[PDB]
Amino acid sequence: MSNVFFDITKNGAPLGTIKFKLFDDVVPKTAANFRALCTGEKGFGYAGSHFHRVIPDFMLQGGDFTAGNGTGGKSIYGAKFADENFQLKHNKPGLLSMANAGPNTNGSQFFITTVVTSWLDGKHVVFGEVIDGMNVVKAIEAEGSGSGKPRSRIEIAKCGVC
């Protein structure tokens, strides 16, 4: 039940570290998946992956470590897993939430919000929150574009539990 972190680089240059708390008491399965993808314990995970879709004033999206473009990724349970619950709302910036392709299609892709996104409530499972490094989140956000195409390669150079 440890917190997790990402060390971020921009075109290979260190940008800083983002630390997160996961809500295991509410969404234990979803939190465990993300934690294990941070440690890399199953032989795959977020290390070396990048943020493929970044939209300023909305969110930063990553986690596709199989295809790097929004079409891939996988969970520690299989290709996909069910929406655990929608108890937690997208009620502030800095929340971790699962990206998906409709109901019960969670894999490894996730997003970090940069604004309140209440319209996503009931559609995406919220499972964690930034506890340090919101300045790094804002730096990544600044590399986005309206289409979501990033202006630079924003990589999770290292990740794990802390």
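Don't overthink the numbering: it's just position in the shown sequence, from 1.
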**Request:** Read off the CA B-factors in the entry, average them over 142-150 and over 11-19, and name the higher stretch.
**Result:** 142-150
**Greater mean Cα temperature factor according to the PDB record, 62-70 or 40-48** = 62-70
**Prompt:** Of the options 113, 30, 109, 104, which has the highest CA B factor as deposited?
**Reply:** 104
**For residue 94, the third of its chain into which the C-alpha B factor falls** = lowest
**Third of the chain, ranked by Cα B-factor, where residue 121 sits** = lowest
**Message:** Please place residue 132 in the lowest, middle or highest third of its chain according to the CA B-factor in the PDB entry.
**Reply:** middle
**Complete:** Tertile call for residue 161 (CA temperature factor, within chain, third-based) is the middle
